[PDB]
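What follows is the content of structure20.cif (mmCIF, N, CA, C and O atoms and all ligand atoms).
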```cif
data_data
#
loop_
_atom_site.group_PDB
_atom_site.id
_atom_site.type_symbol
_atom_site.label_atom_id
_atom_site.label_comp_id
_atom_site.auth_asym_id
_atom_site.auth_seq_id
_atom_site.Cartn_x
_atom_site.Cartn_y
_atom_site.Cartn_z
ATOM 1 N N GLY A 1182 0.810 -1.195 0.000
ATOM 2 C CA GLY A 1182 0.000 0.000 0.000
ATOM 3 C C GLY A 1182 0.848 1.251 0.000
ATOM 4 O O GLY A 1182 0.762 2.067 0.917
ATOM 5 N N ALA A 1183 1.675 1.399 -1.028
ATOM 6 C CA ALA A 1183 2.565 2.546 -1.135
ATOM 7 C C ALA A 1183 1.843 3.718 -1.786
ATOM 8 O O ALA A 1183 1.735 3.780 -3.011
ATOM 9 N N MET A 1184 1.365 4.642 -0.947
ATOM 10 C CA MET A 1184 0.552 5.778 -1.382
ATOM 11 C C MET A 1184 -0.732 5.297 -2.042
ATOM 12 O O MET A 1184 -0.869 5.318 -3.266
ATOM 13 N N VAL A 1185 -1.665 4.855 -1.208
ATOM 14 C CA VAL A 1185 -2.939 4.335 -1.676
ATOM 15 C C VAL A 1185 -3.784 5.455 -2.259
ATOM 16 O O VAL A 1185 -4.049 6.463 -1.598
ATOM 17 N N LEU A 1186 -4.188 5.272 -3.498
ATOM 18 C CA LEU A 1186 -5.003 6.242 -4.199
ATOM 19 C C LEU A 1186 -6.478 5.930 -3.998
ATOM 20 O O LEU A 1186 -6.859 4.766 -3.848
ATOM 21 N N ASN A 1187 -7.302 6.964 -3.989
ATOM 22 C CA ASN A 1187 -8.731 6.793 -3.809
ATOM 23 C C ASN A 1187 -9.434 6.789 -5.156
ATOM 24 O O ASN A 1187 -9.206 7.664 -5.996
ATOM 25 N N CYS A 1188 -10.265 5.786 -5.360
ATOM 26 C CA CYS A 1188 -11.015 5.636 -6.592
ATOM 27 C C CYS A 1188 -12.453 5.252 -6.273
ATOM 28 O O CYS A 1188 -12.816 5.103 -5.103
ATOM 29 N N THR A 1189 -13.267 5.092 -7.302
ATOM 30 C CA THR A 1189 -14.645 4.680 -7.118
ATOM 31 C C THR A 1189 -14.754 3.157 -7.096
ATOM 32 O O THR A 1189 -13.742 2.453 -7.142
ATOM 33 N N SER A 1190 -15.977 2.657 -7.022
ATOM 34 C CA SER A 1190 -16.221 1.224 -7.092
ATOM 35 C C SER A 1190 -16.171 0.743 -8.543
ATOM 36 O O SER A 1190 -15.986 -0.446 -8.808
ATOM 37 N N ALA A 1191 -16.332 1.681 -9.475
ATOM 38 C CA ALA A 1191 -16.293 1.369 -10.898
ATOM 39 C C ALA A 1191 -14.862 1.364 -11.426
ATOM 40 O O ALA A 1191 -14.527 0.580 -12.313
ATOM 41 N N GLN A 1192 -14.024 2.243 -10.879
ATOM 42 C CA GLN A 1192 -12.631 2.344 -11.305
ATOM 43 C C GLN A 1192 -11.817 1.157 -10.802
ATOM 44 O O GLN A 1192 -12.124 0.573 -9.761
ATOM 45 N N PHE A 1193 -10.778 0.810 -11.545
ATOM 46 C CA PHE A 1193 -9.935 -0.317 -11.197
ATOM 47 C C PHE A 1193 -8.756 0.139 -10.349
ATOM 48 O O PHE A 1193 -7.927 0.939 -10.788
ATOM 49 N N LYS A 1194 -8.699 -0.358 -9.126
ATOM 50 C CA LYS A 1194 -7.560 -0.128 -8.261
ATOM 51 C C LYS A 1194 -6.447 -1.114 -8.596
ATOM 52 O O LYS A 1194 -6.712 -2.281 -8.874
ATOM 53 N N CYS A 1195 -5.213 -0.630 -8.590
ATOM 54 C CA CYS A 1195 -4.045 -1.475 -8.810
ATOM 55 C C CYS A 1195 -3.925 -2.531 -7.707
ATOM 56 O O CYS A 1195 -4.577 -2.425 -6.667
ATOM 57 N N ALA A 1196 -3.078 -3.532 -7.929
ATOM 58 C CA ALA A 1196 -2.932 -4.644 -6.989
ATOM 59 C C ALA A 1196 -2.444 -4.174 -5.620
ATOM 60 O O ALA A 1196 -2.981 -4.581 -4.590
ATOM 61 N N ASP A 1197 -1.438 -3.309 -5.612
ATOM 62 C CA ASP A 1197 -0.932 -2.735 -4.366
ATOM 63 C C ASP A 1197 -1.852 -1.612 -3.870
ATOM 64 O O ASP A 1197 -1.851 -1.259 -2.689
ATOM 65 N N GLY A 1198 -2.655 -1.074 -4.785
ATOM 66 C CA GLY A 1198 -3.558 0.017 -4.451
ATOM 67 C C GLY A 1198 -2.918 1.386 -4.587
ATOM 68 O O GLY A 1198 -3.522 2.397 -4.229
ATOM 69 N N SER A 1199 -1.706 1.418 -5.127
ATOM 70 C CA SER A 1199 -0.933 2.652 -5.242
ATOM 71 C C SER A 1199 -1.483 3.587 -6.324
ATOM 72 O O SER A 1199 -1.153 4.771 -6.355
ATOM 73 N N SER A 1200 -2.308 3.051 -7.215
ATOM 74 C CA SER A 1200 -2.898 3.842 -8.288
ATOM 75 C C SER A 1200 -4.268 3.288 -8.669
ATOM 76 O O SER A 1200 -4.576 2.130 -8.381
ATOM 77 N N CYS A 1201 -5.093 4.124 -9.287
ATOM 78 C CA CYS A 1201 -6.370 3.686 -9.837
ATOM 79 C C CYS A 1201 -6.487 4.143 -11.278
ATOM 80 O O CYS A 1201 -6.134 5.276 -11.605
ATOM 81 N N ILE A 1202 -6.967 3.261 -12.134
ATOM 82 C CA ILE A 1202 -7.181 3.591 -13.530
ATOM 83 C C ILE A 1202 -8.629 3.323 -13.910
ATOM 84 O O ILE A 1202 -9.389 2.757 -13.123
ATOM 85 N N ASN A 1203 -9.014 3.747 -15.101
ATOM 86 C CA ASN A 1203 -10.367 3.526 -15.585
ATOM 87 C C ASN A 1203 -10.589 2.066 -15.937
ATOM 88 O O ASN A 1203 -9.648 1.338 -16.256
ATOM 89 N N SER A 1204 -11.844 1.649 -15.902
ATOM 90 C CA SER A 1204 -12.227 0.318 -16.338
ATOM 91 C C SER A 1204 -12.147 0.225 -17.860
ATOM 92 O O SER A 1204 -12.106 -0.867 -18.424
ATOM 93 N N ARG A 1205 -12.091 1.388 -18.516
ATOM 94 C CA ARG A 1205 -11.938 1.455 -19.964
ATOM 95 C C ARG A 1205 -10.469 1.279 -20.341
ATOM 96 O O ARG A 1205 -10.127 1.061 -21.502
ATOM 97 N N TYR A 1206 -9.610 1.365 -19.330
ATOM 98 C CA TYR A 1206 -8.181 1.172 -19.503
ATOM 99 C C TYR A 1206 -7.780 -0.191 -18.962
ATOM 100 O O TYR A 1206 -6.652 -0.411 -18.533
ATOM 101 N N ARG A 1207 -8.744 -1.077 -18.935
ATOM 102 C CA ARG A 1207 -8.496 -2.483 -18.687
ATOM 103 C C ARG A 1207 -8.569 -3.232 -20.011
ATOM 104 O O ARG A 1207 -9.622 -3.245 -20.650
ATOM 105 N N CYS A 1208 -7.437 -3.823 -20.407
ATOM 106 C CA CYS A 1208 -7.290 -4.510 -21.703
ATOM 107 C C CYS A 1208 -7.296 -3.519 -22.867
ATOM 108 O O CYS A 1208 -8.324 -3.304 -23.512
ATOM 109 N N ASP A 1209 -6.140 -2.919 -23.131
ATOM 110 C CA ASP A 1209 -5.993 -1.977 -24.241
ATOM 111 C C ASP A 1209 -4.669 -2.194 -24.969
ATOM 112 O O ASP A 1209 -4.567 -1.939 -26.168
ATOM 113 N N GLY A 1210 -3.662 -2.670 -24.246
ATOM 114 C CA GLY A 1210 -2.370 -2.940 -24.845
ATOM 115 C C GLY A 1210 -1.225 -2.398 -24.015
ATOM 116 O O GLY A 1210 -0.153 -3.005 -23.953
ATOM 117 N N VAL A 1211 -1.452 -1.262 -23.367
ATOM 118 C CA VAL A 1211 -0.419 -0.593 -22.583
ATOM 119 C C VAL A 1211 -0.546 -0.971 -21.107
ATOM 120 O O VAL A 1211 -1.585 -1.465 -20.681
ATOM 121 N N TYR A 1212 0.506 -0.757 -20.331
ATOM 122 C CA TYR A 1212 0.492 -1.092 -18.922
ATOM 123 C C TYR A 1212 0.286 0.162 -18.079
ATOM 124 O O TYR A 1212 1.141 1.048 -18.033
ATOM 125 N N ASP A 1213 -0.863 0.225 -17.420
ATOM 126 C CA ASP A 1213 -1.281 1.425 -16.707
ATOM 127 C C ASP A 1213 -1.013 1.314 -15.214
ATOM 128 O O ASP A 1213 -0.908 2.325 -14.519
ATOM 129 N N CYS A 1214 -0.896 0.087 -14.724
ATOM 130 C CA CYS A 1214 -0.690 -0.148 -13.303
ATOM 131 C C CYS A 1214 0.773 0.060 -12.907
ATOM 132 O O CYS A 1214 1.600 0.466 -13.727
ATOM 133 N N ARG A 1215 1.076 -0.210 -11.639
ATOM 134 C CA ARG A 1215 2.440 -0.111 -11.128
ATOM 135 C C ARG A 1215 3.314 -1.191 -11.748
ATOM 136 O O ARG A 1215 4.479 -0.962 -12.065
ATOM 137 N N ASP A 1216 2.730 -2.369 -11.919
ATOM 138 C CA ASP A 1216 3.396 -3.469 -12.592
ATOM 139 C C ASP A 1216 2.776 -3.657 -13.969
ATOM 140 O O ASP A 1216 3.192 -3.025 -14.941
ATOM 141 N N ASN A 1217 1.761 -4.510 -14.029
ATOM 142 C CA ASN A 1217 1.035 -4.786 -15.263
ATOM 143 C C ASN A 1217 -0.249 -5.549 -14.949
ATOM 144 O O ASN A 1217 -0.801 -6.229 -15.809
ATOM 145 N N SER A 1218 -0.740 -5.387 -13.717
ATOM 146 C CA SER A 1218 -1.889 -6.134 -13.211
ATOM 147 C C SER A 1218 -3.177 -5.802 -13.973
ATOM 148 O O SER A 1218 -4.133 -6.585 -13.974
ATOM 149 N N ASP A 1219 -3.181 -4.650 -14.638
ATOM 150 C CA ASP A 1219 -4.307 -4.219 -15.456
ATOM 151 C C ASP A 1219 -4.484 -5.130 -16.667
ATOM 152 O O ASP A 1219 -5.605 -5.395 -17.090
ATOM 153 N N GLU A 1220 -3.384 -5.632 -17.206
ATOM 154 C CA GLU A 1220 -3.457 -6.509 -18.362
ATOM 155 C C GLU A 1220 -3.072 -7.945 -18.000
ATOM 156 O O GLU A 1220 -3.179 -8.854 -18.827
ATOM 157 N N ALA A 1221 -2.630 -8.143 -16.762
ATOM 158 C CA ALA A 1221 -2.345 -9.480 -16.252
ATOM 159 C C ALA A 1221 -3.647 -10.192 -15.925
ATOM 160 O O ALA A 1221 -3.843 -11.352 -16.284
ATOM 161 N N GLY A 1222 -4.544 -9.470 -15.266
ATOM 162 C CA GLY A 1222 -5.879 -9.979 -15.012
ATOM 163 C C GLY A 1222 -6.801 -9.699 -16.179
ATOM 164 O O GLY A 1222 -7.830 -9.042 -16.029
ATOM 165 N N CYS A 1223 -6.410 -10.187 -17.345
ATOM 166 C CA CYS A 1223 -7.130 -9.939 -18.574
ATOM 167 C C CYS A 1223 -7.023 -11.158 -19.490
ATOM 168 O O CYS A 1223 -6.073 -11.937 -19.355
ATOM 169 N N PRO A 1224 -8.005 -11.355 -20.406
ATOM 170 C CA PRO A 1224 -7.995 -12.458 -21.379
ATOM 171 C C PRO A 1224 -6.661 -12.599 -22.113
ATOM 172 O O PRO A 1224 -6.157 -11.640 -22.705
ATOM 173 N N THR A 1225 -6.092 -13.796 -22.058
ATOM 174 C CA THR A 1225 -4.821 -14.075 -22.703
ATOM 175 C C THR A 1225 -5.007 -14.284 -24.201
ATOM 176 O O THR A 1225 -5.447 -15.350 -24.635
ATOM 177 N N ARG A 1226 -4.658 -13.252 -24.968
ATOM 178 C CA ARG A 1226 -4.820 -13.222 -26.424
ATOM 179 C C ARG A 1226 -6.277 -13.453 -26.842
ATOM 180 O O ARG A 1226 -6.695 -14.589 -27.075
ATOM 181 N N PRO A 1227 -7.057 -12.369 -26.960
ATOM 182 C CA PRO A 1227 -8.484 -12.438 -27.297
ATOM 183 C C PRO A 1227 -8.742 -13.011 -28.694
ATOM 184 O O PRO A 1227 -8.177 -12.535 -29.685
ATOM 185 N N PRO A 1228 -9.590 -14.053 -28.782
ATOM 186 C CA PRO A 1228 -9.942 -14.696 -30.053
ATOM 187 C C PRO A 1228 -10.777 -13.790 -30.953
ATOM 188 O O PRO A 1228 -11.704 -13.116 -30.493
ATOM 189 N N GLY A 1229 -10.441 -13.780 -32.232
ATOM 190 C CA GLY A 1229 -11.149 -12.952 -33.180
ATOM 191 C C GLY A 1229 -10.231 -12.454 -34.267
ATOM 192 O O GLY A 1229 -9.802 -13.273 -35.104
HETATM 193 CA CA CA B 1 -4.141 -1.142 -19.546
#
```
Translate the structure described by the file into structure tokens.
Amino acid sequence: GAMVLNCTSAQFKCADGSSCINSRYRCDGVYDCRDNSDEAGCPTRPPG
């Protein structure tokens, strides 16, 4: 919990909680979290 950021229930909190990003920034290609938990907890190579 290194500098826990405050977000809503809709927004995605990082694994450590150090940052919050949008739910629209879950699964896009880039890494928005402190590590990469935003795309780690995401479908592994989406079919289509
Ligand atoms: Ca992302």
Legend entry - Neighbourhood of ligand CA 1 (chain B) at 7 Å, counting only N, CA, C and O atoms and all ligand atoms, reported as a PyMOL selection string: chain A and resi 1203+1205-1214+1219-1220
Inset, instruction - Give as a PyMOL selection string the residues that the PyMOL selection byres (((chain A and resi 1184-1188) around 6) and not hetatm) matches when applied to the coordinates above. - result: chain A and resi 1182-1183+1189-1190+1192+1197-1201
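Rounded to one decimal, atom O of residue 1204 (chain A) and atom O of residue 1191 (chain A) lie 6.7 Å from each other.
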So that I can check the secondary structure, give me every residue of chain A assigned alpha helix (DSSP H) by backbone DSSP, as a PDB file with N, CA, C and O atoms, keeping the file's coordinate frame.
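What landed in result-v4.pdb:
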```
ATOM      1  N   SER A1218      -0.740  -5.387 -13.717  1.00  0.00           N
ATOM      2  CA  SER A1218      -1.889  -6.134 -13.211  1.00  0.00           C
ATOM      3  C   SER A1218      -3.177  -5.802 -13.973  1.00  0.00           C
ATOM      4  O   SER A1218      -4.133  -6.585 -13.974  1.00  0.00           O
ATOM      5  N   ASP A1219      -3.181  -4.650 -14.638  1.00  0.00           N
ATOM      6  CA  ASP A1219      -4.307  -4.219 -15.456  1.00  0.00           C
ATOM      7  C   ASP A1219      -4.484  -5.130 -16.667  1.00  0.00           C
ATOM      8  O   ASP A1219      -5.605  -5.395 -17.090  1.00  0.00           O
ATOM      9  N   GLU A1220      -3.384  -5.632 -17.206  1.00  0.00           N
ATOM     10  CA  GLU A1220      -3.457  -6.509 -18.362  1.00  0.00           C
ATOM     11  C   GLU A1220      -3.072  -7.945 -18.000  1.00  0.00           C
ATOM     12  O   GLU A1220      -3.179  -8.854 -18.827  1.00  0.00           O
ATOM     13  N   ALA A1221      -2.630  -8.143 -16.762  1.00  0.00           N
ATOM     14  CA  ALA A1221      -2.345  -9.480 -16.252  1.00  0.00           C
ATOM     15  C   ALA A1221      -3.647 -10.192 -15.925  1.00  0.00           C
ATOM     16  O   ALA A1221      -3.843 -11.352 -16.284  1.00  0.00           O
TER      17      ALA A1221
END
```
Inset, instruction - Can you check which residues of chain A DSSP gives as strand (DSSP E or B) on the backbone and send them as a list in words? - result: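 Strand (DSSP E or B) assignments inside chain A correspond to residues 1193, 1194, 1201 and 1202 of chain A.
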Next, dump the selected residues to file, keeping only N, CA, C and O atoms, as an mmCIF file, keeping the file's coordinate frame.
```
data_model
loop_
_atom_site.group_PDB
_atom_site.id
_atom_site.type_symbol
_atom_site.label_atom_id
_atom_site.label_comp_id
_atom_site.auth_asym_id
_atom_site.auth_seq_id
_atom_site.Cartn_x
_atom_site.Cartn_y
_atom_site.Cartn_z
ATOM 1 N N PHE A 1193 -10.778 0.810 -11.545
ATOM 2 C CA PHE A 1193 -9.935 -0.317 -11.197
ATOM 3 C C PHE A 1193 -8.756 0.139 -10.349
ATOM 4 O O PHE A 1193 -7.927 0.939 -10.788
ATOM 5 N N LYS A 1194 -8.699 -0.358 -9.126
ATOM 6 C CA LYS A 1194 -7.560 -0.128 -8.261
ATOM 7 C C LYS A 1194 -6.447 -1.114 -8.596
ATOM 8 O O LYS A 1194 -6.712 -2.281 -8.874
ATOM 9 N N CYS A 1201 -5.093 4.124 -9.287
ATOM 10 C CA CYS A 1201 -6.370 3.686 -9.837
ATOM 11 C C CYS A 1201 -6.487 4.143 -11.278
ATOM 12 O O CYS A 1201 -6.134 5.276 -11.605
ATOM 13 N N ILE A 1202 -6.967 3.261 -12.134
ATOM 14 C CA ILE A 1202 -7.181 3.591 -13.530
ATOM 15 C C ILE A 1202 -8.629 3.323 -13.910
ATOM 16 O O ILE A 1202 -9.389 2.757 -13.123
#
```
As AutoDock Vina command-line options, please report the centre and edge lengths, rounded to one decimal in Å, of the axis-aligned box that holds all listed atoms of region 1199-1217 of chain A with 8 Å of padding on each of the six sides.
```
--center_x -3.9 --center_y -0.5 --center_z -15.6 --size_x 32.7 --size_y 27.5 --size_z 37.0
```
Inset, instruction - Just give me the gap between CA of residue 1196 (chain A) and CA of residue 1222 (chain A) in Å, one decimal is fine. - result: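 CA of residue 1222 (chain A) lies at a distance of 10.1 Å from CA of residue 1196 (chain A).
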Should you be able to, write chain A of this structure into a file that contains C-alpha atoms, as a compact mmCIF listing (two decimals), in the first residue's frame.
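Contents of part17.txt, as written:
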```
# COMPACT_ATOMS: atom_id res chain seq x y z
CA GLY A 1182 0.00 0.00 0.00
CA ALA A 1183 2.57 2.55 -1.13
CA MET A 1184 0.55 5.78 -1.38
CA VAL A 1185 -2.94 4.33 -1.68
CA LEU A 1186 -5.00 6.24 -4.20
CA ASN A 1187 -8.73 6.79 -3.81
CA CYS A 1188 -11.02 5.64 -6.59
CA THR A 1189 -14.65 4.68 -7.12
CA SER A 1190 -16.22 1.22 -7.09
CA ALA A 1191 -16.29 1.37 -10.90
CA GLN A 1192 -12.63 2.34 -11.31
CA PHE A 1193 -9.93 -0.32 -11.20
CA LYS A 1194 -7.56 -0.13 -8.26
CA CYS A 1195 -4.05 -1.47 -8.81
CA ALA A 1196 -2.93 -4.64 -6.99
CA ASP A 1197 -0.93 -2.73 -4.37
CA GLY A 1198 -3.56 0.02 -4.45
CA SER A 1199 -0.93 2.65 -5.24
CA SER A 1200 -2.90 3.84 -8.29
CA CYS A 1201 -6.37 3.69 -9.84
CA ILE A 1202 -7.18 3.59 -13.53
CA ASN A 1203 -10.37 3.53 -15.58
CA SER A 1204 -12.23 0.32 -16.34
CA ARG A 1205 -11.94 1.45 -19.96
CA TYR A 1206 -8.18 1.17 -19.50
CA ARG A 1207 -8.50 -2.48 -18.69
CA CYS A 1208 -7.29 -4.51 -21.70
CA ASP A 1209 -5.99 -1.98 -24.24
CA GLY A 1210 -2.37 -2.94 -24.85
CA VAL A 1211 -0.42 -0.59 -22.58
CA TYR A 1212 0.49 -1.09 -18.92
CA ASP A 1213 -1.28 1.42 -16.71
CA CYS A 1214 -0.69 -0.15 -13.30
CA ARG A 1215 2.44 -0.11 -11.13
CA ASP A 1216 3.40 -3.47 -12.59
CA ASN A 1217 1.03 -4.79 -15.26
CA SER A 1218 -1.89 -6.13 -13.21
CA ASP A 1219 -4.31 -4.22 -15.46
CA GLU A 1220 -3.46 -6.51 -18.36
CA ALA A 1221 -2.34 -9.48 -16.25
CA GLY A 1222 -5.88 -9.98 -15.01
CA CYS A 1223 -7.13 -9.94 -18.57
CA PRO A 1224 -7.99 -12.46 -21.38
CA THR A 1225 -4.82 -14.07 -22.70
CA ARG A 1226 -4.82 -13.22 -26.42
CA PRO A 1227 -8.48 -12.44 -27.30
CA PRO A 1228 -9.94 -14.70 -30.05
CA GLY A 1229 -11.15 -12.95 -33.18
```
